[PDB]
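This report concerns only the one structure given below.
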Amino acid sequence: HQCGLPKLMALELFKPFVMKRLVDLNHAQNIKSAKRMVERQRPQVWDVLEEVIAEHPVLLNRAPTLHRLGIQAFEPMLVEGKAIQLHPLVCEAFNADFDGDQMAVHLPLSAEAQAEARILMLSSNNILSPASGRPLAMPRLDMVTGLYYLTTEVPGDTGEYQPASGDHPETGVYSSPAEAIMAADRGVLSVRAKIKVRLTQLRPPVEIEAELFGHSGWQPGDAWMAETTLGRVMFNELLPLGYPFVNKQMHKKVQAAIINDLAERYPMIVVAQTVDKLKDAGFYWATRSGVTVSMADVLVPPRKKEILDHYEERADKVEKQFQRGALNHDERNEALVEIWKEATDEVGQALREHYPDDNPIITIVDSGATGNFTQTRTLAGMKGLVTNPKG
Amino acid sequence: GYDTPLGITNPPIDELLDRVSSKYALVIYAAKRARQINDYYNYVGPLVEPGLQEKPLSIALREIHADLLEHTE
Amino acid sequence: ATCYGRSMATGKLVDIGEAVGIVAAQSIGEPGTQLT
Amino acid sequence: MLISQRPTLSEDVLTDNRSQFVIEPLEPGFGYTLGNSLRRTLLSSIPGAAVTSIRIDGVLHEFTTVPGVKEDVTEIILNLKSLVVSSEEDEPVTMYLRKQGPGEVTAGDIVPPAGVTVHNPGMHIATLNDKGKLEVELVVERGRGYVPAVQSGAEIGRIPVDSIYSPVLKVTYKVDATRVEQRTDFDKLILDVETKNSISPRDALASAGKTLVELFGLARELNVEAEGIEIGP
Amino acid sequence: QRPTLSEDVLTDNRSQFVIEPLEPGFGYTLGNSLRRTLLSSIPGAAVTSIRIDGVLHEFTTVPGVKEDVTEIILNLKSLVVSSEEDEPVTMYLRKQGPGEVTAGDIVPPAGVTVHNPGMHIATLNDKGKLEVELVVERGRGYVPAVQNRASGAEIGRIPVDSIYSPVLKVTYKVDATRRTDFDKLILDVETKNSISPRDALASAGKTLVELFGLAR
Amino acid sequence: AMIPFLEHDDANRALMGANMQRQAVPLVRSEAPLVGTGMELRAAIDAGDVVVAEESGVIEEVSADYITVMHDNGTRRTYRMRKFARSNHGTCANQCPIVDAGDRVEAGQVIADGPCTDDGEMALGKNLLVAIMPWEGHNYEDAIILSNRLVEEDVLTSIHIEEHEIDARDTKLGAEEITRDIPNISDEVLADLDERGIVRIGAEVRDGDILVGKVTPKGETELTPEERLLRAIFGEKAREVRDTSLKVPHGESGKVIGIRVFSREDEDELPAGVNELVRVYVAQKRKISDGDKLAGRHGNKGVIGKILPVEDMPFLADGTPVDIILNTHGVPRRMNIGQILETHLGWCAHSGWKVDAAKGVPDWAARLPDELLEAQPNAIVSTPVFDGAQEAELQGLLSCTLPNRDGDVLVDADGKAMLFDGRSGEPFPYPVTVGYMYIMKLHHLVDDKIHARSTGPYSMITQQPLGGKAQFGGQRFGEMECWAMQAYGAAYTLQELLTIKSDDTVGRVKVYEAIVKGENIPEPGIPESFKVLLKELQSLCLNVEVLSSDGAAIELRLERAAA
Amino acid sequence: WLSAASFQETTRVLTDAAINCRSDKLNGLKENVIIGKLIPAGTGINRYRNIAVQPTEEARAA
Ligand SMILES: [Mg+2]
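Residue numbers (PDB author numbering), protein chains in the order written: chain A, 439 to 829; chain B, 27 to 68, 77 to 107; chain C, 976 to 1011; chain D, 1 to 151, 155 to 236; chain E, 5 to 182, 186 to 223; chain F, 586 to 1142, 1149 to 1154; chain G, 1220 to 1281.
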C-alpha cells in the first residue's frame, strides 16, 4: 500500500498544503512569503512536507491504461532521488517493468477524492484481477525462485534426519524450529534437509489434525511432530496461523493456489500482508539461491550431431524424392517442415534429459519463475525453423 | 488475527465495510464526516481522540470504525 | 446484482453501483494483444 | 572530524521474556554493520547450562521404547532439550529424576543438586501409566550457544543430546529507513529477541554489548586516534 | 578463554590482523563489521575547494597547459594528503613552464603533508603558467562538492568532491576448526600512505566500541 | 558491427543494442571497451569527432587549446580543439590532445580524442565489474544495482550543456528592455547579475534564479489597485513594467559556462522588432543516479534501481567489491547470452592469461590463437562478429587466468567466483558469474524526466494546462484513464480531475484559495471546453441550446476587492 | 446524440441530430463526463451521493 515519491515531486504537488502548514507554524510571515519559501526550497519546508503528506493518498498510472488496475492508489513516502519507487507485486497489474518506463502521479484534492483513493483504488484492496478473479499482486519471478529454493527437499543434505540403526538414535530431531535455526547457523543443518521438528505454533494438515487432535481440537499452544524441511517451516510461518501446514516445494502454481484459497476464505487485508511477507522472504532467499548464468551452465546436448545427421538423411531422401519427380514442391516443403519440426523437438528432448534438474537455466523455467522451455531449446540445442517474409 | 496495520490500511477495510452495505456508501459517509469536522475546526466532533495532526478524513474513518456515527442512504 | 453474481475483483457480490459494462470491455480488450 | 546526532535504544515488551529493541537513528549503513554481529553474539556469546546427556533405566541398546510410559525415547529427548537449567558448578554435574505409579511427571519432580536450578518446574516430561516407574539421570554443564550431539562411548546406558546452552532462544533483526534531517535513508535497527526465563532480554542485550565492547576494544588497543563520537549512551 | 588480536605487517601500507579464538560461525561477522567501518568511517584529509586565478569555472582551459581544468581536477583527485589541523587550511602551487607540474610542487602549510610528490598534475610549455590555491579540510567518508550558494563562496571557488576515507582495500578470511571448535579471523587492511593500517583498524575499533556502547 | 558476439544474440536484442549504442552519452573521461570488435577505431575516425593529422610531421606545440604540427617541408598546420561544446542534444563535445611536444606523427594518426573516443577508438561506455545474481530484489524486473564507487569516482558522470535564450523586442505598449533593475527584487537575489542584468560567468545558478533580467511594458489598466495607489501616493514614474526576466527552469542547475549577446544598436542582424538577444550557456555535471538508464551492447537495458554503498556490495575474496549487479532472471529469456560470453572474455582481458605451451599447443587453442597465447592484464582484444572468439577458446582462456597480487585465482574455469555479502558478512553459498562488461550510460536520465506541477500556464484556446515539461505543463488524463476511473466508480475523482484541475476557470482558483486557507474544496463548475464545443457547433450553423428541467435555454457567462 | 457525436462519424451524427431536432437527456456517463457532472455510477448514484450522516446521540454525549 506504499510508494516512493521523489522529494521535489511531493513538494511541488502539495505546494499549497505546505504553504498552509508553513503559515500555520511561523516559518513564513504571510502567504506570499510561504510561497517564496517553498519555491526557494528553504530547509523549513521538508519537515512540514512530511506532515502534510501524512495519510494523503496519490494515484499512480502507467500507460497504456488497459484495465482499471492501470490506475492505482498508494500512500506516498519521501524518497531520496528523482525517481518513483514502485512496489514489485503491483507490476503485473501495470504491465510495468523497470527497463525505463515512467509513470504519472495525480493528487486527489477533495475529500471525496481522497476517500475514493483510500477505499476504491487502494493497492492493497486490488489484489485480484477484475477480469479473471485470479491474484495478480503475487510473487512473479525472483520471489518465486526464492521460495522455490527455500521449500525444496534435498535428499542427503546436511543435518538430515537419519534414524540410526547403531547405538546412535536418529539425529534429525529438533525440539522447536528455533533449535533448527541454531543448528543451521552452524554448518549442521541445511534449510532444505528432510528433518523432523516439533512445531508448536503452526496448524498441521487436516489429516494429522484429525488424528492427533479433535477435528478442530487444535489451539495455538498444541504442539505436534512434523516431518519437513526447515525451509518449509519458515515458509508456512509466513502464511497466517490458521492456514494448515502445506509441505510442498512452492512452485508458482502452488503459490497461486494458496493465494486463491486465502482470497476466497480470508479478508483481503490479511491476504495483502501475506503476499508482502512472501515477497520479503522470496527476495532474501532468491539472493541466497545461487542462480547464475555462465557459458558452462548452458550445456549443449551431446547427441545433437547424430540427431541432426539422421534428420538430414531423411531430408536428403525427401530432396531426392523431389528430384525424382515424385513429390510436389509444396509437398516437398511440407515434408521438410515435418522432418525439421521433429528434429527440433528431439534435440529439445535430449537437452532436457542431459540437463541436471538443479541447473539454474532449468530451475528458473521449471519453478514457474520466468520463461518457457522453447527458449532453453533455442539457446542450447537449436532454434529450428524460422518464418518467411510472407509468413 | 492480523498484524497492526500501518497508516492507510488502518482501520482494516473489511471491518470498515461491515459497517456499510457497499464501498461507495462508506466513501460518501467518510467524506461527509470529514467535511463536517473541518467545518468544526473553522458542525460537530471530533468524536474520538484526534491524532497528533490526523487528517480529518482519517478521524472520520476511525469514527466510522467505532460506530460513533449513523447514516441513511 | 444477483443476475451478475460475484465481482471478480472483490470476490463478494457485485455492489449496486458497479459499471460492469466498462469492466467487461476492459477484461475483453486487455488480453487483445495476445491474439495471434 | 564530525559527530553523530542522538542515537538511542528503546524497548518494547511483547512477553515477560520476549522483547523488541530499536536502535535509532544510526548513520546510513551501520544498521547492517552491527546487526548480524549482535545477533550472533546473542546466540553464541552468553554462558548458559543445559542437558548434555541422559541415562534412562530400562533401555540402553535398542532405544526403541520405554516400558510403562507412553512417550518414546525421542519425544523424551525433545521434552528434555527444552529444559531451562542454570548451574554454577562449572564442571559437569549430575541430577536424578524419579517417579512411579500412574500419574504424570514434571520438572519439579526432579531433584536439583545444590548449585543448579530449574526455572520451568511446571513443564511436562512424560506420563506414567499404571504401575509405571521412571528413573533417569541427567547431565548439566555450562557452555554457549548450541552444540550438536557430542559422541557415544564405552558406558552403555547413556545417550548424548543436543546441548542448547544459549539462554536466548530466537533472535531476528531488520533494518528500516529513518529520516535524519534532510536524509530519508538513515538506518534504524530492529531486534526481536525471544529468550528463556533464565534472564530477561534486556540482560542478554547488556551481556552481548559488554562482550562485543571487549572484542572491539581489542582492536581499539592498537592506538588511540579520532573516531565517531556520540553524545548519549 | 579471552580473545587475542595479533598484528602482522606486509608493507608500510598493508597489515593483517589475526583475532582468536572466536566462537564458531562468528569470525565472518567481526571481519565484515570491521571492513564496513573501515570503508566508511576512517577520518582522513582531502581537498574541499580549489581556485585558479586565470579561471572562473571548471569548464575551461588555461593557456599553455595541456590539460583542461576538468582534467586538472581529475588528476588532483588522486592526491593523498594528511592534515592534523581539523580546520580549513590552504595550500599553494605556482609554476612556470616548460615543465611537468606534479604534487611535489605544492607548498603544504605546516601540519599538512603530501604523500605522493610524483603524481602528475599537468604539463606546461613555453607559454604556460599555473597558479593554484587549494583548501584542505578534515572529514570522513565521501562528501560531494559543497555548493557556492550553500557557502558564502564568491564566483572564484571551484568546489571539488572530497574523498576523505584513507582506507584503500579491506578483506578477510576465517579458518574454522571442528568437539572443541573455534574460528580464527584473518583481517586484511590496505590503506593509502595517509595513515597506517594499524591506525585505521584502531580508529575503526574505537568507533565500533563507542557504538556498541548502546547496550547500557 | 560493434556488438561483440553478435551471432550469439537474437535479432530483437541485437537491434536494441545497435539503437542503444547510438544513444550513449559522452562521459567526462572515456574508456575504450576492454573487449570490442575491430570497428571502434575506424568508426571513431570516419565519424569525424577526433582530430586527425592531415599531413605527417612533428608536433611543434601542444596546448589544451590547439595543436601545431611542423610538416617536414617546413609547412605548419594547426588544429583548434573543440572545448566543452554543446551538441544538438545537450551532450558535451570536448576534444583532448593525445600527442606530446616533439612527437613524430604520421598522416592519418589520431591527434586528439573526441567526446566518446579513447586513443582513437569508439569508447561509448565503461568496463564494469559485474556480478550476475539476484540481489535482494533491488534488481527486480530489469532494475540495476550500482556500486557507489561509480559516483565517488565519476565513472558514469557526464557533462550536459543547455542554452537558455531570451530577446527584448517591440511590443504594443512599447519596447522591452534588458535591465538589471527589476521591480521589487531583493538586492541579494540579483547579487550574481552584472550591470546589464545578465548573470555573471562562472555563477552557480539554482533553479529559479535569474539568468537575464528583462522588463516588458505593462499597460495602465493592468496595474493592480494596490499598484495604482502605490504609484499615485509616492508619485511613482510612468514606467509601469512587468518582470519578464529569463529564469532558470525547474529541475535544472549548474555553472554558467558562457554568455553570448547580440544588440540591435551594434551592427548585429536580428528579426523585426527584436532589439536585444542574449544566450546563457549553462553546464551541469550529472552523476549517475537512481532512475538513469544503462545498457550493454546486447540490448540488455535497465534503469538503476539503487546505488549501494561500496561496503555492502558483494565483493571477491580480496575485498574487491563488484561495480554492477545484473539480475540473472533477465538473461536466458531474452536470447542474448552474448553478454555472458562478453563477461567471461572481459574478465580474461582484465586479468591476463598464459596458455601453457610446454609440450605443445593444446587443441582448443590450436586453431585461431597466434599472439593470443598470452596477454598482460588490461589487454585490449577485439572479437569480430561472425568471426573471432570461439566457445572452446573462451573456456580455454578462462582456465589459464593469471592471479591477483597475492597469487590467488579469483575466477574459476566456469567463470564464477565466491562472493561475500557486504551486509551480513557471511559468504553467498554458491559461486557467482563475475566478469567485466561494457556498460553505456544511455541518454535517458531522471534529471531530464522528473516533472511535477501544482498549477501553471493554461492554453488560451482550451483553457487547459499547457503540455510538456519545457512549458511546466500538466499530465494528460486520457480517455482510457477516464475509462479506468469509471470502472472503479470514482465519480468525484473523475469530476475533480476533469473540472477543477483542468477547465473550471473559477473553480481552480477557488480550489487553490481553499487549500491555502484550510477550507474544504468547493463544488465544481462547468468545463470551459464545453462552452468552446458549443461555440464551435454554433459556428457550424447548428443551434445548440442548454435547457432547464422545464424552462428555456440557460445562458452562460467587486465586493471582494473593496474589502 | 452527444455520445454518438463523440464516438465516431461526427459529421453524419451531427447533421442527423440537427435535422431531427434531437434532444440529449444528458443521462449517459460519457455525457456527464463531457459536461462535468458526476457520472451516474459508483459514487455517482443518487442514493450514494445524497447520503445524510449525523452523529448518534450516545456518541454526541461523550
Ligand atoms: Mg517497460
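C-beta: ideal position from N, C-alpha, C; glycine also.
Own chain residues within Cβ distance below 7 Å of residue i, not counting five before or after
| i | result |
| --- | --- |
| residue 205 of chain E | 11, 19 |
| residue 167 of chain D | 50, 81, 146 |
| residue 1122 of chain F | 1129 |
| residue 644 of chain A | 682 |
| residue 592 of chain A | 628, 630, 631 |
Own chain residues within Cβ distance below 8 Å of residue i, not counting five before or after
| i | result |
| --- | --- |
| residue 775 of chain A | 823 |
| residue 459 of chain A | 486, 489, 490 |
| residue 108 of chain D | 118, 121, 122 |
With 16 other Cβ atoms within 10 Å as the buried cut-off, status of residue i
| i | result |
| --- | --- |
| residue 7 of chain D | buried |
| residue 73 of chain D | buried |
| residue 805 of chain F | exposed |
| residue 210 of chain E | buried |
| residue 158 of chain D | exposed |
| residue 40 of chain E | buried |
| residue 49 of chain E | buried |
| residue 96 of chain D | exposed |
| residue 1126 of chain F | exposed |
| residue 951 of chain F | exposed |
| residue 695 of chain F | buried |
| residue 825 of chain F | buried |
| residue 86 of chain B | exposed |
Other residues of its chain near residue i: CB distance less than 6 Å, five sequence neighbours each side excluded
| i | result |
| --- | --- |
| residue 468 of chain A | none |
| residue 28 of chain D | 188, 189, 190 |
| residue 607 of chain A | none |
| residue 1009 of chain C | none |
Expected contact under 8 Å - CB spacing of residue i and residue j to nearest Å
| i | j | result |
| --- | --- | --- |
| residue 584 of chain A | residue 720 of chain A | 4 Å |
- Can you list the residues near ligand 1, meaning Cβ strictly closer than 7 Å to any non-hydrogen atom, in the order they appear in the chain? Listed by chain position, these are A/534, A/535, A/537, A/538, A/539.
- Residues from the region 474-485 of chain A in contact with chain D, defined by Cβ distance under 9 Å: Flagged, chain order: 481, 484, 485.
- Residues of the region 53-67 of chain B with a CB closer than 7 Å to any CB of chain G: list them in chain order, please. Of all residues in the region 53-67 of chain B, 53, 54, 55, 58, 59 have a Cβ within less than 7 Å of some Cβ in chain G.
- Item | Chain-ordered residues of the region 22-34 of chain D with a beta carbon less than 8 Å from chain F | Going along the region 22-34 of chain D in chain order, one finds 28, 29, 32, 33 with a Cβ nearer than 8 Å to chain F.
- Message: Counting only Cβ-Cβ distances shorter than 7 Å, please list the residues of the region 644-670 of chain F near chain E, keeping chain order.
- Response: Within the region 644-670 of chain F, the residues whose Cβ lies closer than 7 Å to some Cβ of chain E are 646, 647, 648, 649, 650, 668, 669, listed in chain order.
- Contact set between the region 732-749 of chain A and chain F, restricted to residues whose Cβ is under 8 Å from the partner: Listed by position along the chain: 732, 733, 734, 735, 736.
- Got a sec: which bits of the region 621-639 of chain A sit with their beta carbon under 8 Å from any beta carbon on chain D, in order along the chain? Along the region 621-639 of chain A, going in chain order, the ones with a CB nearer than 8 Å to a CB of chain D are 621, 623, 624, 626, 636.
- Message: Short of 7 Å Cβ to Cβ, which residues in the region 988-1001 of chain C face chain F?
- Response: Shown in chain order are the members of the region 988-1001 of chain C whose Cβ falls below 7 Å from a Cβ of chain F: 992, 993, 994, 997, 998, 1001.
- Taking Cβ-Cβ distances below 7 Å as the criterion, which residues of the region 1099-1121 of chain F are in contact with chain G? Listed by position along the chain: 1109, 1111, 1112, 1115.
- Output, in sequence order along the chain, the residues in the region 908-937 of chain F whose CB is closer than 8 Å to any CB in chain A. Within the region 908-937 of chain F, the residues whose Cβ lies closer than 8 Å to some Cβ of chain A are 912, 913, 914, 916, 917, 918, 920, 922, 925, 926, 929, listed in chain order.
- Can you list, in chain order, the residues of the region 34-46 of chain D whose Cβ is nearer than 7 Å to any Cβ on chain F? Considering only beta carbons, the part of the region 34-46 of chain D lying closer than 7 Å to chain F consists of 36, in chain order.
- In chain order, what residues of the region 888-910 of chain F put their CB closer than 9 Å to some CB of chain D? Cβ contacts with chain D come from 894, 896, 897.
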